[PDB]
Every structure is written in C-alpha cells, then in structure tokens.
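Trainee: See coords.tsv below, with TSV, C-alpha atoms and all ligand atoms.
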chain	number	residue	atom	x	y	z
Z	3	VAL	CA	-25.71	-41.32	-29.09
Z	4	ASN	CA	-21.98	-40.44	-28.97
Z	5	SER	CA	-18.77	-42.32	-28.02
Z	6	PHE	CA	-18.07	-41.08	-24.45
Z	7	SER	CA	-18.31	-44.04	-22.06
Z	8	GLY	CA	-17.80	-44.18	-18.29
Z	9	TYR	CA	-19.27	-40.80	-17.36
Z	10	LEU	CA	-21.19	-40.39	-14.11
Z	11	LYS	CA	-24.30	-38.25	-14.61
Z	12	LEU	CA	-24.06	-34.91	-12.78
Z	13	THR	CA	-26.82	-32.94	-14.52
Z	14	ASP	CA	-29.02	-32.90	-17.61
Z	15	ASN	CA	-26.12	-31.61	-19.70
Z	16	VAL	CA	-23.01	-32.30	-17.56
Z	17	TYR	CA	-21.31	-35.72	-17.22
Z	18	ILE	CA	-18.07	-36.30	-15.35
Z	19	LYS	CA	-15.25	-38.85	-15.43
Z	20	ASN	CA	-12.03	-39.49	-13.47
Z	21	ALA	CA	-9.37	-39.21	-16.20
Z	22	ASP	CA	-6.37	-37.40	-17.66
Z	23	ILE	CA	-7.86	-35.26	-20.47
Z	24	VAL	CA	-4.97	-36.18	-22.84
Z	25	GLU	CA	-5.54	-39.94	-22.56
Z	26	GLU	CA	-9.33	-39.40	-22.90
Z	27	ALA	CA	-8.97	-37.41	-26.16
Z	28	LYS	CA	-6.63	-40.02	-27.70
Z	29	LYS	CA	-9.32	-42.70	-27.16
Z	30	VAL	CA	-12.51	-40.76	-28.12
Z	31	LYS	CA	-11.09	-38.33	-30.73
Z	32	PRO	CA	-13.95	-35.92	-29.95
Z	33	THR	CA	-15.07	-33.12	-32.24
Z	34	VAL	CA	-13.87	-30.55	-29.66
Z	35	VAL	CA	-11.33	-30.85	-26.85
Z	36	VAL	CA	-10.99	-27.81	-24.56
Z	37	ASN	CA	-7.53	-26.61	-23.57
Z	38	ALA	CA	-6.99	-24.69	-20.34
Z	39	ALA	CA	-5.03	-22.00	-22.14
Z	40	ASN	CA	-3.39	-18.72	-21.20
Z	41	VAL	CA	-3.71	-15.52	-23.25
Z	42	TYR	CA	-0.31	-16.14	-24.93
Z	43	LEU	CA	-1.16	-19.75	-25.86
Z	44	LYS	CA	2.10	-20.74	-24.14
Z	45	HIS	CA	1.50	-24.44	-23.41
Z	46	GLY	CA	4.23	-25.09	-20.81
Z	47	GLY	CA	2.41	-27.03	-18.08
Z	48	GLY	CA	-0.88	-28.53	-16.89
Z	49	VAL	CA	-3.50	-29.59	-19.43
Z	50	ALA	CA	-1.96	-27.28	-22.04
Z	51	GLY	CA	1.55	-28.75	-21.74
Z	52	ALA	CA	0.14	-32.28	-21.56
Z	53	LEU	CA	-2.09	-31.73	-24.57
Z	54	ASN	CA	0.74	-29.99	-26.38
Z	55	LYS	CA	3.24	-32.74	-25.50
Z	56	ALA	CA	0.81	-35.34	-26.92
Z	57	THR	CA	0.79	-33.42	-30.26
Z	58	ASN	CA	4.63	-33.56	-30.40
Z	59	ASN	CA	4.63	-29.70	-30.03
Z	60	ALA	CA	2.48	-29.18	-33.16
Z	61	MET	CA	-0.11	-27.41	-31.00
Z	62	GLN	CA	2.55	-24.89	-29.85
Z	63	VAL	CA	3.78	-24.29	-33.42
Z	64	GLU	CA	0.24	-23.57	-34.63
Z	65	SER	CA	-0.41	-21.41	-31.55
Z	66	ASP	CA	2.69	-19.26	-32.03
Z	67	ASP	CA	1.58	-18.52	-35.63
Z	68	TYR	CA	-1.91	-17.62	-34.33
Z	69	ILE	CA	-0.50	-15.16	-31.75
Z	70	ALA	CA	1.95	-13.61	-34.24
Z	71	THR	CA	-1.04	-12.83	-36.51
Z	72	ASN	CA	-3.76	-11.96	-33.98
Z	73	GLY	CA	-2.12	-11.00	-30.68
Z	74	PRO	CA	-3.09	-12.40	-27.30
Z	75	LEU	CA	-6.51	-13.64	-26.27
Z	76	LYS	CA	-8.57	-11.97	-23.53
Z	77	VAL	CA	-8.97	-13.57	-20.12
Z	78	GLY	CA	-12.42	-15.14	-20.49
Z	79	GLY	CA	-11.92	-15.51	-24.25
Z	80	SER	CA	-11.17	-18.38	-26.62
Z	81	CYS	CA	-10.09	-19.36	-30.08
Z	82	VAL	CA	-10.65	-22.49	-32.19
Z	83	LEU	CA	-7.53	-24.15	-33.62
Z	84	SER	CA	-6.69	-27.65	-34.84
Z	85	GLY	CA	-7.19	-30.67	-32.58
Z	86	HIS	CA	-4.12	-32.35	-34.19
Z	87	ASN	CA	-4.02	-36.07	-33.28
Z	88	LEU	CA	-6.39	-35.58	-30.29
Z	89	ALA	CA	-9.65	-34.12	-31.73
Z	90	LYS	CA	-11.05	-32.43	-34.79
Z	91	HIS	CA	-10.75	-29.03	-33.06
Z	92	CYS	CA	-9.15	-27.61	-29.94
Z	93	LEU	CA	-11.08	-24.82	-28.23
Z	94	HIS	CA	-8.41	-22.88	-26.31
Z	95	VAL	CA	-10.27	-21.18	-23.43
Z	96	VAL	CA	-8.64	-18.74	-20.99
Z	97	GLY	CA	-10.04	-18.97	-17.49
Z	98	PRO	CA	-8.78	-16.51	-14.89
Z	99	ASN	CA	-5.54	-17.51	-13.15
Z	100	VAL	CA	-6.03	-16.68	-9.42
Z	101	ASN	CA	-2.24	-17.13	-8.90
Z	102	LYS	CA	-1.67	-14.19	-11.32
Z	103	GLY	CA	-4.34	-12.02	-9.61
Z	104	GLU	CA	-7.00	-12.28	-12.36
Z	105	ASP	CA	-10.69	-11.70	-11.57
Z	106	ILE	CA	-12.54	-14.96	-10.68
Z	107	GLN	CA	-15.80	-13.36	-11.99
Z	108	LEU	CA	-14.40	-13.96	-15.51
Z	109	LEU	CA	-14.86	-17.71	-15.00
Z	110	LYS	CA	-18.49	-17.50	-16.16
Z	111	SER	CA	-17.41	-15.63	-19.32
Z	112	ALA	CA	-14.82	-18.34	-19.98
Z	113	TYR	CA	-17.43	-21.10	-19.73
Z	114	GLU	CA	-19.81	-19.22	-22.07
Z	115	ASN	CA	-17.41	-20.07	-24.91
Z	116	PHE	CA	-18.48	-23.72	-24.53
Z	117	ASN	CA	-22.02	-22.80	-25.67
Z	118	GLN	CA	-20.74	-22.28	-29.24
Z	119	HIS	CA	-20.13	-26.07	-29.51
Z	120	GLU	CA	-22.77	-28.83	-29.32
Z	121	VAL	CA	-20.50	-31.37	-27.58
Z	122	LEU	CA	-17.11	-30.93	-25.84
Z	123	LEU	CA	-14.53	-32.87	-23.84
Z	124	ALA	CA	-13.30	-30.37	-21.26
Z	125	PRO	CA	-11.48	-29.88	-17.94
Z	126	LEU	CA	-12.78	-27.72	-15.10
Z	127	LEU	CA	-11.68	-24.19	-16.00
Z	128	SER	CA	-9.41	-22.27	-13.59
Z	129	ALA	CA	-8.65	-25.52	-11.65
Z	130	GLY	CA	-5.27	-27.25	-11.16
Z	131	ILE	CA	-2.45	-24.66	-11.14
Z	132	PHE	CA	-4.87	-21.83	-12.10
Z	133	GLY	CA	-5.59	-21.48	-8.36
Z	134	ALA	CA	-9.39	-21.72	-8.13
Z	135	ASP	CA	-11.50	-24.11	-6.07
Z	136	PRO	CA	-12.75	-26.91	-8.41
Z	137	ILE	CA	-16.07	-27.16	-6.52
Z	138	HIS	CA	-16.70	-23.54	-7.58
Z	139	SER	CA	-15.57	-24.16	-11.16
Z	140	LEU	CA	-17.96	-27.13	-11.44
Z	141	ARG	CA	-20.83	-25.02	-10.08
Z	142	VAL	CA	-20.17	-22.27	-12.64
Z	143	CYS	CA	-19.89	-24.88	-15.41
Z	144	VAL	CA	-23.26	-26.43	-14.54
Z	145	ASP	CA	-24.92	-23.01	-14.19
Z	146	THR	CA	-23.45	-21.58	-17.46
Z	147	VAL	CA	-22.94	-24.31	-20.09
Z	148	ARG	CA	-26.08	-25.44	-21.91
Z	149	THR	CA	-24.41	-27.67	-24.52
Z	150	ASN	CA	-23.22	-31.24	-23.80
Z	151	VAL	CA	-20.01	-31.15	-21.76
Z	152	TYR	CA	-17.95	-34.23	-20.77
Z	153	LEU	CA	-15.64	-33.18	-17.90
Z	154	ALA	CA	-12.36	-34.85	-17.00
Z	155	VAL	CA	-10.86	-34.64	-13.47
Z	156	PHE	CA	-7.42	-36.28	-13.15
Z	157	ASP	CA	-7.10	-36.76	-9.36
Z	158	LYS	CA	-9.30	-39.54	-7.91
Z	159	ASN	CA	-9.50	-37.95	-4.45
Z	160	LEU	CA	-10.69	-34.67	-6.06
Z	161	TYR	CA	-13.13	-36.40	-8.46
Z	162	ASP	CA	-14.69	-38.17	-5.46
Z	163	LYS	CA	-14.93	-34.88	-3.55
Z	164	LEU	CA	-16.53	-33.14	-6.55
Z	165	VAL	CA	-19.21	-35.85	-6.92
Z	166	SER	CA	-19.92	-36.17	-3.19
Z	167	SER	CA	-20.30	-32.41	-2.69
Z	168	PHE	CA	-22.30	-31.73	-5.88
Z	169	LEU	CA	-25.67	-30.07	-5.24
T	201	LIG	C1	0.22	-35.11	-17.31
T	201	LIG	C2	-1.21	-35.07	-17.77
T	201	LIG	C3	-2.14	-34.21	-16.95
T	201	LIG	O1	-1.81	-33.50	-16.07
T	201	LIG	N1	-3.50	-34.31	-17.37
T	201	LIG	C4	-4.55	-33.65	-16.69
T	201	LIG	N2	-5.84	-33.83	-17.12
T	201	LIG	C5	-6.74	-33.12	-16.25
T	201	LIG	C6	-8.24	-33.11	-16.44
T	201	LIG	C7	-6.02	-32.47	-15.22
T	201	LIG	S1	-6.82	-31.55	-13.89
T	201	LIG	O2	-7.74	-32.44	-13.19
T	201	LIG	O3	-5.81	-31.21	-12.89
T	201	LIG	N3	-7.75	-30.24	-14.42
T	201	LIG	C8	-7.13	-28.97	-14.72
T	201	LIG	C9	-7.95	-27.94	-15.09
T	201	LIG	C10	-7.41	-26.70	-15.38
T	201	LIG	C11	-6.05	-26.52	-15.29
T	201	LIG	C12	-5.23	-27.57	-14.91
T	201	LIG	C13	-3.73	-27.39	-14.80
T	201	LIG	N4	-2.61	-27.26	-14.72
T	201	LIG	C14	-5.77	-28.80	-14.62
T	201	LIG	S2	-4.43	-32.72	-15.37
As structure tokens, how would this structure be written, given the file I've shared?
Ligand SMILES: CCC(=O)Nc1nc(C)c(S(=O)(=O)Nc2cccc(C#N)c2)s1
Mentor:
Amino acid sequence: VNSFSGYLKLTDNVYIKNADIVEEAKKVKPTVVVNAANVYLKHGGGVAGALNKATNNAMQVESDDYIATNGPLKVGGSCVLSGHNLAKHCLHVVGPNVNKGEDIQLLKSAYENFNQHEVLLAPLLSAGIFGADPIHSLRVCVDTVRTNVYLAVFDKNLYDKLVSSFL
C-alpha cells in the first residue's frame, strides 16, 4: 500500500490520473518522479521546465554539473539525480523527440529505464511537445514497463481519450 490516490486502473501494473505532474509530486513526494528530459538536460519547457521551475532552478543547476562531468545522455537513456523538493529521486529519461527527427523505435528503450525502479510517478514519454501520439506512448508503456507506474496526463480531453481508447 502506497500514497497515490485517485488513479484509474488501466492494467495490472499501470494506473493513470488526470493531473499536472508537478502538482502531483508536491503532494505525494514519491520515491521517483520521471522527467521528460532531453540529452542536454536543458529544462526549458514542458514537464522539464515545470518540474525545474518548481525546484526554483535547483534541478537545472544540478543538471548542468552532471553534463559538465559526464556529457550528454543518449536518446533512450536516463540518469538518476536528486528529486529536490518534489521526490527523493528524479529519473531523467530521454524519449525520442519526433519534432527533431529522432527514431520513434527508441521509445521502448526509453521506457525500459522505468524497470530499474519499483514504483514511479511518470508522464507519457515522447508526448506533449515531443511530437508523438500519446495513445502510442501509453501502449508502449503498458507493453514495456513491469514495475508499478503512476501516469499523469495534464489535459482532461486527452486523458479521457486515452482511457476510452485503451485496449
Ligand atoms: C505547467 C505544468 C505542466 O505543463 N505540467 C504537465 N504535466 C504533464 C503530465 C503534462 S503532459 O500531459 O502534457 N505530458 C507530457 C509528456 C511528455 C512531454 C511533455 C511536454 N512538453 C508533456 S504537462
């Protein structure tokens, strides 16, 4: 028994909720929150900018130090950094950005990073301004992640479409 409440049951291991991931993390303070990162950990917009803004830019400061030491992530890759005021840990995961011409096949590789964590609060990878169809991202999530994932979808109209079209 954990502290996520309000999640509609999609599968055995996937629950889903209509929420902004930032406001969700502030309430639950999960062990792991997933950021929809880019390879440079440049948190300008979307979930990354919203998560980063909620940490008063401490996420960006930590991220810049990580990149200066280690170089960029791979598309499909991840790193674990601090969760700051939002979670114990932030798993920064790079899904492919369709709008930059990255290979959508790497979405499954991105979701495999979630399997290293027993429980996560996460968004649908490659969604929003990453340019992929959320219905596809949800399908890959359900077919790839085996650990317990609590998904957040910000737009009500999209959340409703995701639930109503889920097979
Ligand atoms: C101002 C606060 C705010 O925007 N919070 C949000 N929380 C969620 C779950 C969304 S999302 O539903 O759009 N998922 C989503 C997934 C991947 C990338 C992007 C992008 N860019 C978005 S946005």
Trainee: One decimal, Å: what's the distance from CA of residue 30 (chain Z) over to CA of residue 133 (chain Z), could you say?
Mentor: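 Separation of CA of residue 30 (chain Z) and CA of residue 133 (chain Z): 28.5 Å.
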Trainee: Which of these residues is nearest to ligand LIG 201 (chain T), using only C-alpha atoms and all ligand atoms: Z:14, Z:162, Z:25, Z:145?
Mentor: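 Looking at the shortest contact to ligand LIG 201 (chain T), the residue is Z:25.
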Trainee: Can you list, as a list in words, every protein, DNA or RNA residue that comes within 7 Å of residue 54 (chain Z) when you count only C-alpha atoms, leaving out same-chain residues fewer than 6 positions away?
Mentor: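 Selected residues are residues 45, 61 and 62 of chain Z.
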Trainee: Here's a test: counting only C-alpha atoms, identify every protein, DNA and RNA residue with an atom at most 7 Å from (0.5, -21.8, -12.3) in the file's coordinate frame, and state them as a compact mmCIF listing (two decimals) with C-alpha atoms, in the coordinates of the input.
Mentor:
# COMPACT_ATOMS: atom_id res chain seq x y z
CA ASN Z 101 -2.24 -17.13 -8.90
CA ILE Z 131 -2.45 -24.66 -11.14
CA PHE Z 132 -4.87 -21.83 -12.10
Trainee: Mind giving me the straight-line distance from CA of residue 52 (chain Z) to CA of residue 8 (chain Z) in Å, one decimal?
Mentor: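 Between CA of residue 52 (chain Z) and CA of residue 8 (chain Z) the gap is 21.8 Å.
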Trainee: Measuring between only C-alpha atoms, which one of Z:56, Z:108, Z:154, Z:100 shows the shortest distance to residue 79 (chain Z)?
Mentor: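 Of Z:56, Z:108, Z:154, Z:100, the one nearest residue 79 (chain Z) is Z:108, counting only C-alpha atoms.
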Trainee: What residues have an atom no more than 8 Å from (-10.8, -16.1, -26.3) in the file's own frame, counting all atoms listed in the file, and can you write them as an mmCIF file with C-alpha atoms, keeping the file's coordinate frame?
Mentor:
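Below you can see out26.cif, which holds the result:
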data_model
loop_
_atom_site.group_PDB
_atom_site.id
_atom_site.type_symbol
_atom_site.label_atom_id
_atom_site.label_comp_id
_atom_site.auth_asym_id
_atom_site.auth_seq_id
_atom_site.Cartn_x
_atom_site.Cartn_y
_atom_site.Cartn_z
ATOM 1 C CA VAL Z 41 -3.710 -15.520 -23.250
ATOM 2 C CA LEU Z 75 -6.510 -13.640 -26.270
ATOM 3 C CA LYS Z 76 -8.570 -11.970 -23.530
ATOM 4 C CA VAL Z 77 -8.970 -13.570 -20.120
ATOM 5 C CA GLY Z 78 -12.420 -15.140 -20.490
ATOM 6 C CA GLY Z 79 -11.920 -15.510 -24.250
ATOM 7 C CA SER Z 80 -11.170 -18.380 -26.620
ATOM 8 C CA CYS Z 81 -10.090 -19.360 -30.080
ATOM 9 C CA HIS Z 94 -8.410 -22.880 -26.310
ATOM 10 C CA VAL Z 95 -10.270 -21.180 -23.430
ATOM 11 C CA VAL Z 96 -8.640 -18.740 -20.990
ATOM 12 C CA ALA Z 112 -14.820 -18.340 -19.980
ATOM 13 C CA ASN Z 115 -17.410 -20.070 -24.910
#
Trainee: Contacts of residue 4 (chain Z) at 12 Å or less, counting all atoms listed in the file, minus same-chain residues fewer than 3 places along, as a PyMOL selection string?
Mentor: chain Z and resi 7+9+30-33+120-123+150-152
Trainee: I need the residue nearest residue 29 (chain Z) from this list: Z:160, Z:53, Z:83, Z:88. Use all atoms listed in the file for the distance.
Mentor: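 Among Z:160, Z:53, Z:83, Z:88, it is Z:88 that comes nearest to residue 29 (chain Z).
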Trainee: Taking all atoms listed in the file and a cut-off of 7 Å, can you tell me which residues surround ligand LIG 201 (chain T), written as a list in words?
Mentor: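 These are the residues that qualify: residues 21, 22, 23, 24, 38, 47, 48, 49, 52, 125, 126, 127, 128, 129, 130, 131, 132, 154, 155, 156 and 157 of chain Z.
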Trainee: Could you write those residues out with C-alpha atoms, as a PDB file, in the frame of the given file?
Mentor:
ATOM      1  CA  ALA Z  21      -9.370 -39.210 -16.200  1.00  0.00           C
ATOM      2  CA  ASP Z  22      -6.370 -37.400 -17.660  1.00  0.00           C
ATOM      3  CA  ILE Z  23      -7.860 -35.260 -20.470  1.00  0.00           C
ATOM      4  CA  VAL Z  24      -4.970 -36.180 -22.840  1.00  0.00           C
ATOM      5  CA  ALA Z  38      -6.990 -24.690 -20.340  1.00  0.00           C
ATOM      6  CA  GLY Z  47       2.410 -27.030 -18.080  1.00  0.00           C
ATOM      7  CA  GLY Z  48      -0.880 -28.530 -16.890  1.00  0.00           C
ATOM      8  CA  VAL Z  49      -3.500 -29.590 -19.430  1.00  0.00           C
ATOM      9  CA  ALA Z  52       0.140 -32.280 -21.560  1.00  0.00           C
ATOM     10  CA  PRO Z 125     -11.480 -29.880 -17.940  1.00  0.00           C
ATOM     11  CA  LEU Z 126     -12.780 -27.720 -15.100  1.00  0.00           C
ATOM     12  CA  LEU Z 127     -11.680 -24.190 -16.000  1.00  0.00           C
ATOM     13  CA  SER Z 128      -9.410 -22.270 -13.590  1.00  0.00           C
ATOM     14  CA  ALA Z 129      -8.650 -25.520 -11.650  1.00  0.00           C
ATOM     15  CA  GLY Z 130      -5.270 -27.250 -11.160  1.00  0.00           C
ATOM     16  CA  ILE Z 131      -2.450 -24.660 -11.140  1.00  0.00           C
ATOM     17  CA  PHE Z 132      -4.870 -21.830 -12.100  1.00  0.00           C
ATOM     18  CA  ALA Z 154     -12.360 -34.850 -17.000  1.00  0.00           C
ATOM     19  CA  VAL Z 155     -10.860 -34.640 -13.470  1.00  0.00           C
ATOM     20  CA  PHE Z 156      -7.420 -36.280 -13.150  1.00  0.00           C
ATOM     21  CA  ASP Z 157      -7.100 -36.760  -9.360  1.00  0.00           C
TER      22      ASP Z 157
END
Trainee: Between CA of residue 85 (chain Z) and CA of residue 144 (chain Z), measure the distance and give it in Å to one decimal.
Mentor: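 Spanning CA of residue 85 (chain Z) to CA of residue 144 (chain Z) is a straight-line distance of 24.5 Å.
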Trainee: Measuring atom to atom with only C-alpha atoms, identify which of Z:19, Z:55, Z:44, Z:86 is nearest to residue 161 (chain Z).
Mentor: Z:19
Trainee: Just need the box for region 6-16 of chain Z, edges along x, y and z, holding every atom the file lists for it with 5 Å tacked onto each side, so centre and edge lengths in Å to one decimal, as AutoDock Vina command-line options.
Mentor:
--center_x -23.4 --center_y -37.9 --center_z -18.6 --size_x 21.2 --size_y 22.6 --size_z 21.7
Trainee: Pick out the closest residue to residue 87 (chain Z) from this set: Z:60, Z:165, Z:124, Z:134. Count only C-alpha atoms.
Mentor: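 Between Z:60, Z:165, Z:124, Z:134, the residue approaching residue 87 (chain Z) most closely is Z:60.
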Trainee: Could you check which of Z:143, Z:71, Z:6, Z:40 is closest to residue 102 (chain Z), using all atoms listed in the file?
Mentor: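 Closest candidate: Z:40.
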